[PDB]
Every structure is written in C-alpha cells, then in structure tokens.
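Working notes for the structure below.
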C-alpha cells in the first residue's frame, strides 16, 4: 500500500554513505544475476569448444577450452559471492533504517502526554515497536534478498532464451514460474491447517500426560492406571494421525513442485533436441537451456513463507506508523517565553475545574494561592483529588476551564520544558529503574558528577545505607535487583530532588509507607532540605498529623477550597490521630 | 552409543506391518538414489545421441533421442517422488515407534511408587517424555531422511566416477564432501556465538525500551527524555553491531561452501576436458561428471543443524530411557493370593515404626486394631502423623519394621491390586481432573453406566447442585473449568467412593474445608453412607468435635497408641471446642 513507500522512500535514503550502500547493494544484486546467467554460457562454451575432431585439431586443455573452464568456475564463485555480499550490505542498510525508525518512534512515545500512557497496556507499546521493526526487517529483507533477485533473474532468463532460441522457450519458462509459484502458494496455504492441527493434538496429548501425572494419588486410589494409559494412547494416536497428514502434505508439496519443474526441463529438452536436429542449435545449447531454467529453480525456497508473512509484516508496519501518527493533546503555546524563575515563586489558582472523563469533575471551581517563598500543605480525605494537583500543575493534564498562574503568567503560555524544569516532584510510588543506585540518584541531574551524588545522598541520609549494601553504590536495585523497603525508595526520590535543585517543590504523599517512625524521619529530613534556601514547598498528605507543623494549611473538601489556617484551628476536622 | 541400538532395534522391529513399512522405506531410499544417479546418465545419453551429423543421419526426435529424453524426465520425477514417499513412510514408522515408547514409559511412571512422584518436580516428567520423544523423532528423522541417503549417494557417485572415469574423480568427490562437511560443521559451530549475542543484544534493547516506558512519569518529572532516547539508541547500536556479525558470518558460510564446491566442479571439468581431448571420454561425459557432483550438492542443507542436535537428542533419549530404568521400591510378593474380601474386614497393626527419611520415625512402635464391621476413628494434634496411615495401609509406603494384618494375613503378601481394590479413599485435598463432572464422578468405577453415576451423585446429595450448573453434569470443572468450593470437591470424592463400593473405607480429613455447617452436612451424609451396609469405616480428623459420634475412638499421641474409648471420656484432652 502506501506503507511501503512510507518506509522505503524515507529511511533508506537519508545521507550519502547510506545511499552509497544502497547503490552498492543494487549493483551487487545486478552483478550477481549477470554472473549467474553467465554460468551456463561458459559451460556450453566448454561443451562446444571440446566438441571438435579430437585426433586432428585437439591439442591440449588451456589452449582449447581453458579460458572458459576458468570463467565457468569464476562466474559460479562470483555469482554466489555477490549474493552473499549483497545480503550483508543490505542487512547493514536495513538495520540502520530500523534503528532510526525505532528511535524516532520511541522519542515520539516519550513526547506524548500522560493520558496516552495511562490508556495503553504498558509493555504493549514495546511489543508494537518490536513487531513493527521486525515487520520492516522482513519486508526489506524479503524484498531485496528474495523477490527482486528472483524476478530479475526470471526476466533475464526469459530475455536470453528469447534472444537466442525463440519466444517459446520464454513462454515455457514464464509458465513454469507462474505454475510453480501458484502451486507453492496454494498448497502452502493448504498445509498450515495440518501443521496447526498437529500442534494442537500434540498439546492435547501432553496435557493428558500432565493431567494424569498431577493426579497420581487419585490414579492409584481408584486403580485407574490402565484407563489413563488408554487415554494417553488415544491422545497420542490422534496426534500421529495429524502428523501423518503433515508429512504426507509436505511430500505432496515437494513432489508437485519438482513434477512441475521437471516437466518444464523435459519439454525444453524436447524443443532443444528438435532444434539440434534442424541444424539451428548445438548440443551445448541444450545444456544452456537446461542449466538456465534449473538455476531459476534454486532460490525459490522463500515462496512458502512469503505470502502470509508480508501480510503480517504490513500489518505490523501499519501499527508502528500508526503509533507515529498519534498527536499530543497538550499544545505548547507559540512564542512561549521561559519566565518567572528569578521571581519569588508563587502559584495562583483561579476558578479551575478538572476531571478525568470531564462529565464528572474532580476539582469543582477551585481557587487557591500558594504564597511566595513559603511552605504550604493541602490535605483532604483519601480520594478528594489532592493527588490530581501535580498533574494539573506539572501540566501533564490540562484544565478544562480556568487558568493557572506561576508569578503572574499562565502555565499555558510558558515554554513547557522550562515549566517542567522549574517543578520538582517526589511522587507517591517512586519507581526504581532496573539499574544501579548511582543511576537512580543521578537521574535528578544526569550531568552531575560523582561527589555531587555523594553529597546528595548525604543530604538525604542514605550514605550509610548504601555503603551498608554489598556492592556499595553500584548495587543492582529495582525489580530484578536488591529489593528494598518503600521508605528507602522515597528517600532516593528525595535525593533526586536535591540533585535537580528546582525552584518549586512538591512532596505528593512523600511519606506514605508502613512504619510511622520512618515517615517521621522522612518528614524531618525533608524539613531541613526545605528550610533556609527559599524553596516554595508544597505538600500533600492524607495524614494531617504528619504535616501538622506546616507554615500554611489549605484544606480541600470535594473539589473546593473551604478554609485555611494552622495546626490546632484546623485539627478540629475528622480523621483525628486519636485512634493512632 | 548403546542408546541408538536400544531404540532402533526394538521399537521399529515389532510386528509384520511395521517391518514391512520399514522395508518399504529402505527400498524407496535405495530406489530414489538409483534414479537420482540415473538422471545425469540419461542427460549425457541425450547429449551423445544428438551429437551426430545433423544433415546426414539425424532424422527426427523420438527416433534419435526421445526415449532418453523421457527417461531423463521420468528419472528426475521418480527420484524426487521416491524421496517424498520415503519420508512419508518413515515418518509413519517413527511416529508409531514414538507412540509405543511414550505409552510404555508413561505406564511405567504410573507404575512407580509414591516416593518417586514426591521426589520429582511435577510437570518435569512430562517434559522428559516430550523431549525424549522429540529426540527419538529427530534421530530417526535425520538418520533416514538426511544422513543415510546422503552417505549412500556419496558412495554411489564415487563408485560410478571410479568405474567410468578413474579413481581421481572419486578422490576429488570424496575430498569435496569431506571439506564441505568440515567447513559447514566448523563455521556453523562458529556462527552460534554471533546468533546468541545478537539475541542477547536485541533483548537488552527491548528491555531498555520497556524499562523507560514503565517509568514514564519519572522520565517526564526529571526532564530525561533525551537521555532515555540516547540510552535506547545506544542499545540499538549495540544490537545492530551484532546483527552485522550474524549476516556477515552467514555470508562467509554460504560463499565458502560454494567456493569449495565450485572449485570441485571446475577441477573435474578440467580433468574431464583432459579426458575428452585424449579420446577417452566424450562431451556428454563432462555433463555426467558435472551433474553427478552437483546433485551431491543439493541435499546438504541438513549439515548446519545436525551436529549439535543429534547430541541434544541423544541426551534427551538418555533421560527418557533412564526414566524407563527406574525400579519400584515396593515389591509385590511372589505367588500372592487375593484374600479376606469375604471375611469381616478387620485391620490389625503390630509394632510398626514408620518414618519418611527413616532416621526420624513418625510412628513409634505403634499397634492398633480396627474391629470388623465397625466405625473407628483415629485423632491427634495437627502433625502427629494420622495422615500417614493411608499411605502405610494403602501400601504406597512400606513399614520399616513391623507387620500389617487385614483379617489375619499380611498386606505384604496379598496381591497389591486386590489390596488397592479393597481400600476406599476420601483424601484430604481431592484433586479434580480438567474434564467433566461426569468423569470426575465416574472415576470411581469407569465401567459403571450413566444412571449409576446419577444414583451415586444422588446418594451424596449433589444432584441438585450439578443440575444447578449451566451445562448440567457435562460441566467443564477443574483448574481450567468452573471453579468450585472445597466442600463440593469433597462431596465429589464421596460420590466416587460410592461408585467404587469397596469393603474398607477411609475418610482421611474428609471434612476440612472452611464453613462448619458444610462439614456437618458432609459428616451427616457420610454417616448415612457408612451405616447399614457393614462398611468397616476408618476416620481421621484433627477436629474431634466433628467425629464425636464415632463407635470407637483411638488416639495417637506422638506415634503411640495411648487410650481408647468414647466421646465424653476422651473429650478430656486439650484442643477442646470451647473456643469454637
């Protein structure tokens, strides 16, 4: 369709060295097929040069026919070396084009907003990348390795047999190619029934075996071992009756292909023999005809798998380039200015309503104000949407109506990357990369040096903990690494937040693990990293007891701002710490 | 080794029709190779019959060379049809021999005692069966499909070229075959490094992709999308530098193979050309030499996979026939008599000590007596070994010292199948086959009819429950079926016990699900199936409250029989129902 020219006319043609390698691959393709059709010409030159009066004019080899013997051998060697060099060169080209496609699509996927990554089963995007790149691999691979060389050689053989022997040799060669391809495609589409039935019956017999070996006690308690042997034997009989059809249909495929092609070679033998006894041809031309058509029979092993797998690969290519056409719903404003970093960072909310699936809102005409340079908390019941303040103010979601101000300009008018540089985040469930502790601390600022990571782990009080690990700060940590508690994960996220050093800071349920003393220590250490450096910290916790010492408290009751105050005057609401 | 003659000389030679099919396969093998070497003989007969004075003695085709043209075509067709018919016939033979091997080994595995099935990771025996049968399949398949036809054709080609042209053509053909096989084996063993490295680098790049798409929020919070694109690009570059080595080494393999074989064909061309100008040969004999050696080049695609995979298949065959040499530790006594079924069934224990891993015993010099025709329970703390009374009295384990009597003869002297027919079992965790409810009830006596299953489900009061299921008593039940509570599983086991109808009955923790009313109903229904039919029932429960109404109670305190009695006089021990 249009997908083939979407791939082939953009990625294999981008620079000079890649275009030079594509031209090298095409020149090796045509040179290989030229040498391949020169092999039978030199073999008939051997035959017709040695078909002389031996006792009269035949002197010696390397004066009668040595040049064409060496040319037959060299053309044979060069015709396969050019195929293999063409395959190596175009595998290089296809792998580079696939790398550029996958890199661009992955960069686009990371550039899409959060709602796409929540509306997709994770790990399925990687499956789409992998199947799409294998689809591009298979379509370029079986178009340059198999289909184009075969069609070029069919064209050259029909042209040669037309030019030297007549149109009917090309007619029989083209009809042979058509009938061989039609037979192979049709009966290979027929054989997949038998292959899938044999796989299903094999799995059925193996499941009878494992279902009778799981239940071994129940087999022995009721004396049904002979019955289960009979069940296994019946399942294996039904397996072998399908493997019979697999091997029988493979026999039919192979013998039908060679019956077609041997009928071709015998008919062309008869027509060449008619030509030789008419004086037109010679006995070398018989072997020219036979070897040209037979050399067409050699590379046609691809034709079994091709017709299903280019369809599958075009589907996978369609999914990959459909991923590349997803647009982002959050638009950076044109001529957006990075601004208000040197200003005293205040965050102002005006009449914003937000909701996932906007028929039900989560925030209901909310308006708050974070004063500049101060530490402010917002609290509420577990489920009131205070976790949906990050995503609206980090601008991974957009407010449906309303405006957000950071030092008196809109966050929909600042450059998005500057806004995300200004905000610092300690999330709820801190995710750990399957990599070292050193990378999971250096992720706050990847250009920072080693002793900066040392000082940042020192500031969060985890240096003794990572020296206490066996490999030191090189420890394999994460899902497939050394498993740790959630408190150390939170403190790792804190150390990342020192390494970013942003102006504005969020701590959205930063203290939400199990043990209360751990979150008291966490609140303590984030309190010394908040103070004395003008970090306009914002806090979210469902436990107002843990954020009791804040400079300013705002409450959120069902999407509205209700009251503001201090510890004791706002401790009066429910959810008290009396049951703790 | 000895494994090859252990397989090939027993299972392919068992009956007349199988031996007739093996002889048919061997005759098709030799006939196919005879026709294959007659193809170039007829082609040189075409060449030498048309190499006449055309204007003088050449009359017409089908009087000069028509017979050998048709014989060339027919020999070509027959030489591939005989290969395909040989492959179909021997695939039939190999599948039947594999079915007999797997059936015998599965019957042996069910005939092994319980300790083997506990000392084996379940589902690994099925893996041993499957890998061993695929090993037998691959060794017979690549010995009759590939290796024996190739070695036979090499022998026939070297014999023909010796008989007609001289010993040096056979020397060059054998050296060609040796060098081609050595090169293909060596460089295919070399290429697996590159294939495995490319697979590892592909998996590394895909895991970088999924590890950066799992953590998408953390990527966006710290502005490291360009860093993760760079990480993905580095991983894909390290993948393509290994796929370069895969395709380059494949190019080296294919071009080296054809350089070897084209050097052979050119050298034999030179020697035949030397022969033609000496008067010995003719110009058809050139094509005889060329086509014989080239037809040796055709079927050698097997040689890549063969050397590793026969080693793997011999290992799998070794595991399968090692499974078949496991002996049973419980020996049926010679001249054992089935006896004491018509006697009033009493079970007598005398001074038996048992222990799993016999350095620690579980039963400590125990001796009890079950009176004939009565309902007797044994109880103790959870872990005292009352669950190890079944396995000692069903004789799935043997007592280390002591003797067991069923109506005054040893259970080590009765025929084992008669003993297991006499005992009836309701186990602790009743296992359900992944099949119908009707099979899971008919498993008590597989020869019983439908309305017997109806009456047995009626006797256990589950008929309303199975009619209440959607498919009726044909319901798919088990692990992959309609999941049910453990009480219905226990009541299913009860219905199996009606369908067996044994003389002696066990109910080892038959009532051990969650809900107490369910086990009270279970105890009630098994009490009506115990009474009024002289079933010498034995009971095990950790809850003595649920077996409080027994005719006789024996207690077990740490492997000894301590006291016997009734409900209130033995209710005095701990674990009372006061906390229930």
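All of this is worked out from the model, or read from it or from the source named; no laboratory read-out is quoted. Heads up, the Cβs are rebuilt from the backbone with ideal geometry, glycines too, and the neighbour counts pull from every protein chain shown.
Filtered by the rule that a residue be surrounded by 16 or more Cβ atoms within 10 Å (Cβ to Cβ), more than 10 Å from the chain's Cα centre (by Cα) and closer than 30 Å to residue B:302 by Cβ, the range B:102-146 gives B:135, B:136, B:137, B:138, B:139, B:140, B:141, B:142, B:143, B:144, B:145, B:146.
For the range A:295-306, indicate whether the set of residues that are over 38 Å from the mean Cα position of the chain (by Cα) and closer than 18 Å to residue B:68 by Cα is non-empty.
Just the residues of the range A:295-306 that are over 38 Å from the mean Cα position of the chain (by Cα), to begin with: A:295.
Next cut, closer than 18 Å to residue B:68 by Cα only: none.
No; the residues of the range A:295-306 include none that is over 38 Å from the mean Cα position of the chain (by Cα) and closer than 18 Å to residue B:68 by Cα.
I'd like to check something: does the range B:123-134 contain any residue that is out of contact with any helix residue (DSSP H, G or I) (no Cβ under 7 Å at 6 or more places or on another chain), more than 19 Å from residue B:12 (Cα to Cα) and either part of a helix (DSSP H, G or I) or in contact (Cβ under 8 Å) with a residue 24 or more places away in the chain (or both)? The answer is yes, given that some residue of the range B:123-134 is out of contact with any helix residue (DSSP H, G or I) (no Cβ under 7 Å at 6 or more places or on another chain), more than 19 Å from residue B:12 (Cα to Cα) and either part of a helix (DSSP H, G or I) or in contact (Cβ under 8 Å) with a residue 24 or more places away in the chain (or both). Any idea how many residues of the range B:392-419 are more than 30 Å from residue B:479 (Cβ to Cβ) and assigned to a loop (DSSP other than H, G, I, E, B)? Qualifying residue count for the region: 11.
The residues on offer are B:428, B:401, and the sole one that is surrounded by fewer than 17 Cβ atoms within 10 Å (Cβ to Cβ) and in contact with a helix residue (DSSP H, G or I) (Cβ under 8 Å, 6 or more places away or on another chain) is B:428.
Restricting attention to the range A:470-483, which residues are touching a strand residue (DSSP E or B) at 6+ places or on another chain (Cβ under 7 Å) and over 22 Å from residue A:446 (Cβ atoms)? Of everything in the range A:470-483, just one residue is touching a strand residue (DSSP E or B) at 6+ places or on another chain (Cβ under 7 Å) and over 22 Å from residue A:446 (Cβ atoms), namely A:482. When restricted to residues that are within 55 Å of the chain's Cα centre (by Cα) and within 7 Å of chain A (Cβ to nearest Cβ), the range B:42-58 contains 1. Test residue A:142 against the stated conditions and say whether it is touching a helix residue (DSSP H, G or I) at 6+ places or on another chain (Cβ under 9 Å) and either touching a residue at least 60 places away in the same chain (Cβ under 8 Å) or outside any helix (DSSP H, G or I) (or both). Answer is yes for this residue.
Given the criteria farther than 30 Å from residue B:96 by Cβ and either facing chain B (nearest Cβ under 7 Å) or part of a helix (DSSP H, G or I) (or both), does residue A:285 qualify? If you could, list the steps in order and put the result at the bottom.
Values: farther than 30 Å from residue B:96 by Cβ: yes; either facing chain B (nearest Cβ under 7 Å) or part of a helix (DSSP H, G or I) (or both): yes.
For residue A:285, the condition - farther than 30 Å from residue B:96 by Cβ and either facing chain B (nearest Cβ under 7 Å) or part of a helix (DSSP H, G or I) (or both) - is met.
The one condition from (1) over 37 Å from the mean Cα position of the chain (by Cα); (2) exposed (fewer than 15 other Cβ atoms within 10 Å of the Cβ); (3) farther than 26 Å from residue A:425 by Cβ that residue B:192 does not meet is (1). The criterion of at least 1 residues that are crowded, with 20+ Cβ neighbours inside 10 Å, touching a residue at least 24 places away in the same chain (Cβ under 8 Å) and within 44 Å of the chain's Cα centre (by Cα) is met, among strands (runs of 3 or more DSSP E) falling completely within the range B:504-578, by B:504-508, B:536-541, B:552-557.
Looking only at residues in the range B:71-88 that are surrounded by fewer than 23 Cβ atoms within 10 Å (Cβ to Cβ) and more than 7 Å from chain A (Cβ to nearest Cβ), the one that is farthest from residue A:237 (Cα to Cα) is B:71.
Results for (1) in contact (Cβ under 8 Å) with a residue 12 or more places away in the chain; (2) assigned to a helix (DSSP H, G or I); (3) in the same structural domain as residue A:188 (by TED's automatic domain parsing), shown as yes or no for each residue.
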residue	(1), (2), (3)
A:289	yes, yes, no
A:292	yes, yes, no
A:295	yes, yes, no
A:300	yes, no, no
A:314	yes, yes, no
A:321	yes, yes, no
A:325	no, no, no
A:336	yes, no, no
A:340	yes, no, no
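When the test is whether a residue is buried (at least 18 other Cβ atoms within 10 Å of the Cβ), assigned to a helix (DSSP H, G or I) and either under 29 Å from the mean Cα position of the chain (by Cα) or within 14 Å of chain B (Cβ to nearest Cβ) (or both), residue A:493 passes it. The set of residues in the range A:439-449 that are more than 9 Å from chain B (Cβ to nearest Cβ) and touching a residue at least 12 places away in the same chain (Cβ under 8 Å) comprises A:440, A:441, A:442, A:448. Residues of the range A:160-180 include at least one that is away from chain B (no Cβ under 14 Å) and either within 29 Å of the chain's Cα centre (by Cα) or not in a helix (DSSP H, G or I) (or both).
For the range A:113-122: of the residues being free of Cβ contacts under 8 Å to residues at least 40 places away in the same chain and in a helix (DSSP H, G or I), which is farthest from the other protein chains (Cβ to nearest Cβ)?
Initially, the range A:113-122 is screened for residues free of Cβ contacts under 8 Å to residues at least 40 places away in the same chain, giving A:117-122.
So of that shortlist, the ones also in a helix (DSSP H, G or I) come out as A:117-118.
Working: A:117: 5, A:118: 9 Å.
Among them, the one singled out is A:118.
Looking only at residues in the range A:420-438 that are within 10 Å of chain B (Cβ to nearest Cβ) and outside any loop (DSSP other than H, G, I, E, B), the one that is farthest from residue A:332 (Cα to Cα) is A:435. Of the residues A:68, A:39, A:61, the single one that is in a loop (DSSP other than H, G, I, E, B) and within 11 Å of chain B (Cβ to nearest Cβ) is A:61.
Within the range B:273-282, track down each residue that is part of a helix (DSSP H, G or I), crowded, with 19+ Cβ neighbours inside 10 Å and facing another protein chain (nearest Cβ under 9 Å). Show your work before the answer.
Taking the range B:273-282 and keeping what is part of a helix (DSSP H, G or I), we get B:273-276.
Subset that is crowded, with 19+ Cβ neighbours inside 10 Å: B:273, B:275-276.
Those that are part of a helix (DSSP H, G or I), crowded, with 19+ Cβ neighbours inside 10 Å and facing another protein chain (nearest Cβ under 9 Å): B:273, B:276.
Before we move on, is residue B:25 in a helix (DSSP H, G or I), in contact with a helix residue (DSSP H, G or I) (Cβ under 7 Å, 6 or more places away or on another chain) and within 11 Å of another protein chain (Cβ to nearest Cβ)? In short, no.
Here are some residues: B:329, B:353. Which one is outside the structural domain of residue B:132 (by TED's automatic domain parsing) and closer than 24 Å to residue B:505 by Cα? Break it down into steps so the answer makes sense when it comes.
Details: B:329 fails: closer than 24 Å to residue B:505 by Cα.
Checking each option against the conditions leaves just B:353.
One residue alone among B:264, B:238, B:251 is without any contact (Cβ under 8 Å) to a residue 60 or more places away in the chain and either more than 7 Å from chain A (Cβ to nearest Cβ) or within 34 Å of the chain's Cα centre (by Cα) (or both), and that residue is B:238.
Looking at residue A:110, is it touching a helix residue (DSSP H, G or I) at 6+ places or on another chain (Cβ under 8 Å) and either closer than 30 Å to residue B:223 by Cα or not in a helix (DSSP H, G or I) (or both)?
On the way: touching a helix residue (DSSP H, G or I) at 6+ places or on another chain (Cβ under 8 Å): yes; either closer than 30 Å to residue B:223 by Cα or not in a helix (DSSP H, G or I) (or both): yes.
Yes.
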